[PDB]
Amino acid sequence: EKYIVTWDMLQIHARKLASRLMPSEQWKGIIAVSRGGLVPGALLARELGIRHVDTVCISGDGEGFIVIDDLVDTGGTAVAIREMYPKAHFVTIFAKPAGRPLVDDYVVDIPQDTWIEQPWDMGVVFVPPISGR
Amino acid sequence: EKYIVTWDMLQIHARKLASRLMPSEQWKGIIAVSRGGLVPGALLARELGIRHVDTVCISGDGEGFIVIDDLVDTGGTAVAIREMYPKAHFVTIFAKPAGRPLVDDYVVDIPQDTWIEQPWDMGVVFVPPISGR
Amino acid sequence: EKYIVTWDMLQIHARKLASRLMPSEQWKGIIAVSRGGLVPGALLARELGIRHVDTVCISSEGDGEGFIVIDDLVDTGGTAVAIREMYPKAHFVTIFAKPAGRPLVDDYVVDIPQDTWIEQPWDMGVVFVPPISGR
Amino acid sequence: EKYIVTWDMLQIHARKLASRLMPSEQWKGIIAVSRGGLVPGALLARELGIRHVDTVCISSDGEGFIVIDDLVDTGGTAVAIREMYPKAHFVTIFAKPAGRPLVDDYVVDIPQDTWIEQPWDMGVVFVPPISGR
Ligand SMILES: Nc1nc2c(ncn2[C@H]2CN(C(=O)CP(=O)(O)O)C[C@H]2O)c(=O)[nH]1
Ligand SMILES: Nc1nc2c(ncn2[C@H]2CN(C(=O)CP(=O)(O)O)C[C@H]2O)c(=O)[nH]1
Ligand SMILES: Nc1nc2c(ncn2[C@H]2CN(C(=O)CP(=O)(O)O)C[C@H]2O)c(=O)[nH]1
Ligand SMILES: Nc1nc2c(ncn2[C@H]2CN(C(=O)CP(=O)(O)O)C[C@H]2O)c(=O)[nH]1
């Protein structure tokens, strides 16, 4: 019940999201939710050729701005974004069921009780064999 | 649709398969189908603590042997394996729907029409941004 | 030839940079230079437990005191000098450095020879590569 | 002396080794030393276009063949191999100082007091952040 997101896979998902976001010229900018959306944001910015990357922290119109986070679950962040950026295009990479109807787009379905680990919280490390033989 | 198998992901599936082949001592060795089964074979051998790794090329009876290939589709390979090693336990990492019942064990379901690419056939290389913006 | 930086390696270098910047609490925040500094910035923020990540874009207040400013690579020092003018008191770091730019950064991790071309993992992907022999 | 070798990096080395074993048709087969040489051997097989991959196990004439292991250190393994296959071309990916001239080819020089960790003994796992802040 643990979902491992490797860097390569994250990048594959982000490129899929970026192609759906084409043409790039419809967008003025990218706003990354600190800090889960920072990496997915950098990835969109690279693929869409958008240099205007901003961050917003959560403890303005927004039309033509992509607002990105890594995951939607409850949708609390999605709600909070709408306060200052009600016309923004809110997207995430991953979505759990309750958050699915609260985003403008997402790439991968994740079940509610699955724990997803993001690659910035992981590393390549020695792992003992499954069998002591 | 193009399915990309990264090394990290391949290894994750191999470990999932290995814990299903637990306990290890029930096995005497492993036979890898050249060349698709070579790497998954190596990984199984590591995770099970088995040094006896053999190979077979497809143009002894197999008792207590694991026979591994990367992907089952038609089951042509499975047939030959069953003829050479009727007493052997045949597994793959990936299975397309036709092959699904022709293996004793597998890990990942692949659609019939999806093209899967294995990491030994790929490499990390510059890829032009999706947008020229 | 080309120096390939994979995601795994970049992260190893960022963690090394993070350990040197310890203890975290001596820092108010992180300013990532868009776009090269964004991922290295995000990695630093995770490792130092800093939630306050800003960005700066250079084209073509504060003095930055207590802030880390991060970019991917220093070479000429064009970005560096703009960063000095804009943030005279920030600690300016990169992951990679070519010899021309070394004296202009407060800290970096990997020395890259001047004429080496380095490819960052956000510009790369896992793709089919034809075998070396046709046989 | 904490040297992490990832899958991508291993594959880069194996491709470099394959290139210097060119032209391919001068070889008739590859013999992988189990278990260290299996993945490298599999990679050589793909790159040189050799379907004929065998294995050999050593515990405690080979003409026109490549025998491959992951690393030479003492050369003890090389000795057994020269005895078994006096005309084989013996190659490794990595070589520590005592072993370097004891193989016909290698790619990476490794210091004696460096411990390298191969990617089949590792995995992507959660790593606590450097600061608890
Ligand atoms: N790494 C990881 N994080 C998770 C997981 N599930 C929930 N989250 C996060 C969701 N979250 C948010 O602020 C987003 P939202 O709930 O839509 O406002 C805080 C975290 O709990 C999970 O399986 N793995
Ligand atoms: N790389 C890759 N290979 C594939 C794919 N689908 C089928 N194969 C192979 C399956 N195969 C076999 O000999 C095994 P079997 O069909 O069970 O006897 C030959 C190939 O066509 C695919 O999506 N990608
Ligand atoms: N990916 C990669 N980028 C490079 C390389 N060498 C130079 N750069 C960049 C450095 N750069 C900057 O604005 C930073 P600075 O030169 O200190 O002002 C522009 C690019 O030319 C290289 O080998 N690889
Ligand atoms: N993964 C890894 N393995 C190592 C290392 N150094 C030595 N080895 C192995 C080399 N070895 C051999 O039998 C080869 P040889 O000594 O030439 O006959 C057994 C292990 O000690 C190391 O840094 N990393």
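Excluded from the calculations below are hydrogen atoms, water molecules and symmetry mates; all remaining heavy atoms, backbone and side chain alike, are included. Residue numbering restarts at 1 for every chain, and letters A, B, ... go by the order of the sequence lines.
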* Of all heavy-atom pairs between D:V5 and D:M122, which one has the smallest distance, and what is that distance? -> O-CE, 3.2 Å
* Stacked cation flag B:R46 on A:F126, 6.0 angstrom / 45 deg -> yes
* Do you know the tightest heavy-atom contact between D:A42 and B:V39? -> CB-CG2, 3.8 Å
* **Check ion pair A:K96-A:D109 (N to O, under 4.0 angstrom)** => no
* Measure the spacing between CD of B:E47 and CD1 of A:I130 and express it to the nearest 0.5 Å. => 4.5 Å
* Modelled atom types, side-chain donor and acceptor of A:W27 and A:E25, under 3.5 Å -> no
Please report, to 0.1 Å, the donor-acceptor pairs under 3.5 Å made by any side chain of residues 65-81 of chain A, with sequence neighbours excluded.
| unit_1 | atom_1 | unit_2 | atom_2 | d |
| --- | --- | --- | --- | --- |
| A:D70 | OD2 | A:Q118 | NE2 | 3.4 |
| A:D73 | OD1 | A:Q112 | NE2 | 2.7 |
| A:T74 | OG1 | A:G76 | N | 3.1 |

* To do: Please report the shortest heavy-atom distance between A:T92 and A:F94, naming the atom on each side.
  => OG1-O, 2.9 Å
* Under 4.0 Å between a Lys/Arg side-chain N and an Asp/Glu carboxylate O for C:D106 and C:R84? -> yes
* Taking atom NE2 of A:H13 and atom OH of A:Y106, what is their separation to the nearest 0.5 Å? -> 12.5 Å
* Asked: Do you know the tightest heavy-atom contact between A:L21 and A:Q26?
  -> O-NE2, 3.0 Å
* **side-chain hydrogen bond (donor to acceptor under 3.5 Å, both in side chains) partners of A:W7, counting only residues at least two apart** => C:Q11
* Report yes or no: does B:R100 contribute a side-chain atom to a donor-acceptor pair with the main-chain N or O of B:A95 at less than 3.5 Å? => yes
* Structure fact -> Value for CG (A:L38) from CG (A:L43), rounded to nearest 0.5 Å, stands at 11.0 Å
* To do: Measure the spacing between OG1 of B:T6 and CG of D:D8 and express it to the nearest 0.5 Å.
  => 8.5 Å
* Asked: Which heavy atom of A:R15 sits nearest a heavy atom of C:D123, and at what distance?
  -> NH2-C, 4.2 Å
* To do: Report the distance from atom CE of B:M22 to atom OG of A:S131, rounding to the nearest 0.5 Å.
  => 4.5 Å
* When you measure from the side chain of D:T114 to the backbone N and O of D:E1, does any donor-acceptor pair fall under 3.5 Å? -> no
